[PDB]
Amino acid sequence: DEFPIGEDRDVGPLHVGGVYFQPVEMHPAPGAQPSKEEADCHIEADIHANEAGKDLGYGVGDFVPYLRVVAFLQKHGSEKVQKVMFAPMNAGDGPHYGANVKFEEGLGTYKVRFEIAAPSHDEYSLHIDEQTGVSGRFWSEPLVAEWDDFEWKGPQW
Amino acid sequence: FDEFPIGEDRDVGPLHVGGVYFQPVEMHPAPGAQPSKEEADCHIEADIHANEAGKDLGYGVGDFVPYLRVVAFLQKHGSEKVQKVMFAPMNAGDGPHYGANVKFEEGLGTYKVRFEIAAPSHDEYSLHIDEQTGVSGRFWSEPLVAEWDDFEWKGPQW
Ligand SMILES: [Cl-]
Ligand SMILES: [Cl-]
Ligand SMILES: [Zn+2]
Ligand SMILES: [Zn+2]
Ligand SMILES: [Zn+2]
Ligand SMILES: [Zn+2]
Ligand SMILES: [Zn+2]
Ligand SMILES: [Zn+2]
Ligand SMILES: [Zn+2]
Ligand SMILES: [Zn+2]
């Protein structure tokens, strides 16, 4: 059972979905994320190309790899912001960006913000010649998919 | 655009690997130490997707497999010199693939062409491994090899 963070967002060339469910065990365990046991949940950003999309060379629905996704969580009533750096990984349902998360401020309603930066210049390229290449270019400022009334009430599993 | 084959597609481990070549291309940013569109002899690409075995790693069968480290080796028949070319991930009008603008340094002739495909770097990718939501497969330790022993560089076909 997966639970949605909110409705899917279309931002620039991306269709972005946000879900959460029980914490998972990952190998290798990424960055500084809490273990399956220490975490509150696992949050995932499902990012696929949309129609806009095709200008960068992607097929509609294709997973968009090499992105740098970071989530910002801020509890309503608090000025504290928790930053969570997602990591690319596979679950049984395919590649996505995700992280085990522990809500530092606890139960409550949160504003949840995904900032999605394009691949680093030395991490990806585009053919740009007329014969083989593409018309679109990667975005400069990270794209945003935001939900401002996400209710964290404890595990739903 | 016109693509020319390097040889027969290969199935190795959980990957289906195709190799093609065509005119040199202009890339943005210009990847690593790859020759420019003018300096190059051609552009070579490795089209890598998951096969049925890849399903155990969590990939959709037939889908692109990102974060791999693909390196090509070219060696002219009758020569001891080997060229090592690091491929970069990139998009063309037909989608993501790994590739490079390349010079065939020993000129026209038959070359052995070998693509060695390593799994993502330890800090570049992960797998869910819990029973509930994870996968039962794992990344390969020894790089996979797709190779063609008799590739004919007969010059530009453009
Ligand atoms: Cl915020
Ligand atoms: Cl490594
Ligand atoms: Zn490992
Ligand atoms: Zn995940
Ligand atoms: Zn640029
Ligand atoms: Zn150079
Ligand atoms: Zn492909
Ligand atoms: Zn020979
Ligand atoms: Zn191609
Ligand atoms: Zn290419």
Side-chain angles (χ1 to χ4, degrees), chain A residues 2-21 30-34 39-89 91 93-106 108-126 134-153, chain B residues 28-29 66-67 89 91 96 124-126:
Chain A
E2 293 185 11
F3 301 90
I5 288 183
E7 219 99 317
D8 295 353
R9 304 283 195 232
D10 264 281
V11 198
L14 309 176
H15 181 75
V16 180
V19 309
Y20 80 98
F21 47 88
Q33 305 179 15
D40 274 333
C41 68
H42 190 67
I43 295 177
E44 300 175 346
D46 306 301
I47 305 182
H48 304 283
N50 58 22
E51 289 299 323
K54 308 171 85 212
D55 300 332
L56 286 173
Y58 303 102
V60 175
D62 282 10
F63 165 62
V64 179
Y66 302 91
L67 306 177
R68 301 169 286 176
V69 181
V70 186
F72 295 82
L73 320 163
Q74 173 179 4
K75 185 173 168 164
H76 285 208
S78 166
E79 295 304 318
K80 296 196 176 87
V81 173
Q82 174 182 354
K83 187 172 112 149
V84 182
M85 311 171 272
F86 285 174
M89 69 190 68
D93 75 349
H96 58 275
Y97 299 89
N100 271 359
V101 178
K102 181 172 164 192
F103 295 92
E104 294 173 6
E105 305 307 302
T109 307
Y110 284 80
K111 300 200 168 292
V112 180
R113 173 188 187 102
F114 288 173
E115 287 185 4
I116 309 146
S120 309
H121 256 205
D122 65 320
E123 292 164 13
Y124 211 81
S125 292
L126 305 172
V134 303
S135 61
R137 297 297 181 260
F138 281 107
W139 56 96
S140 159
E141 289 285 329
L143 296 174
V144 178
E146 233 192 316
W147 302 271
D148 49 28
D149 285 280
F150 170 71
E151 288 173 0
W152 168 240
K153 255 30 201 225
Chain B
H28 181 77
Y67 302 92
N91 281 359
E124 290 334 292
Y125 209 82
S126 300

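So you know, we letter chains A, B, ... as the sequences are listed, proteins then strands, and number each from 1. Because only heavy atoms are used, hydrogens play no part in the values below, and waters and symmetry mates are left out as well, while side chains stay in.
A:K83 NZ to A:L73 CG: the interatomic distance, rounded to the nearest 0.5 Å, is 12.0 Å. Atoms CG and OH, on A:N50 and A:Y58 in that order, are 11.5 Å from each other to the nearest 0.5 Å. One distance of note links CG of A:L14 with NE2 of A:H48; it measures 10.5 Å at 0.5 Å rounding. Taken to the nearest 0.5 Å, the CG atom of A:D62 stands 8.5 Å off from the CG atom of B:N91. Annotation: the span from A:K75 atom NZ to A:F103 atom CZ amounts to 11.0 Å, rounded to 0.5 Å. One distance of note links CG of A:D10 with NE2 of A:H15; it measures 5.5 Å at 0.5 Å rounding.
Closest heavy-atom contact between A:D8 and A:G17: OD1-CA, 3.3 Å. The shortest non-hydrogen separation linking A:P119 to A:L67 is CD-CD2, 3.7 Å. Residue A:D55 comes nearest to A:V134 through the heavy atom pair O-CB, 3.3 Å, listed as atom of the first residue, atom of the second, then distance. Nearest heavy-atom pair, A:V69 versus A:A45, reported as atom, atom and distance to 0.1 Å: CG1-CB, 4.4 Å. Annotation for B:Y125 and A:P95: closest pair OH-CB, 3.3 Å, computed over non-hydrogen atoms. Between A:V16 and A:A145 the shortest heavy-atom distance is CG1-CB, 3.9 Å.
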message: The test is side-chain contact (heavy atoms from CB on, under 4.5 Å); show your working for A:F138 and A:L126 and say whether it passes.
response: CA-CA 9 Å; A:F138 281 107; A:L126 305 172; 3.7 Å; yes
- prompt: Would A:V112 and A:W152 satisfy side-chain contact (heavy atoms from CB on, under 4.5 Å), going step by step from the backbone distance to the final call?
  reply: CA-CA 11 Å; A:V112 180; A:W152 168 240; over 6 Å; no
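Checked options A:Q82, A:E79, A:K80; the residue passing with A:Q74 is A:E79 (criterion: side-chain contact (heavy atoms from CB on, under 4.5 Å)).
Counting only heavy atoms from C-beta outward, the side chains of A:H121 and B:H28 approach each other to under 4.5 Å. For the pair A:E2/A:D93, a side-chain contact is recorded, criterion being any heavy-atom separation below 4.5 Å from C-beta on. The shortest distance between side-chain heavy atoms of A:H76 and A:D149 falls below 4.5 Å. In this structure, A:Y97 and A:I116 have side chains that are not in contact, with every pair of non-hydrogen atoms separated by 4.5 Å or more. Annotation: side chain of A:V101 is not in contact with side chain of A:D40 (no heavy-atom distance under 4.5 Å). For the pair B:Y67/A:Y66, a side-chain contact is recorded, criterion being any heavy-atom separation below 4.5 Å from C-beta on. For the pair A:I47/A:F114, no side-chain contact is recorded, criterion being any heavy-atom separation below 4.5 Å from C-beta on. Side-chain contact check for A:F86 versus A:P30: every heavy-atom pair is 4.5 Å or farther apart.
Between A:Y20 and A:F3, the two ring planes are tilted [angle within 30° to 60°]. Ring geometry for A:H42 versus A:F21: interplanar angle of 30 to 60°, hence tilted.
A distance-only check finds a donor-acceptor pair linking the side chain of A:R9 to the backbone of A:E146 [under 3.5 Å]. A:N100 contributes a side-chain N or O that, together with a main-chain N or O of A:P34, makes up a donor-acceptor pair within less than 3.5 Å.
Contacts of A:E51 classified as side chain to side chain contact (heavy atoms under 4.5 Å, CB included), with partners at least two apart in sequence or in another chain: A:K54, A:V60. Residues passing the side-chain hydrogen bond (donor to acceptor under 3.5 Å, both in side chains) test with A:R68 are A:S120, sequence neighbours excluded.
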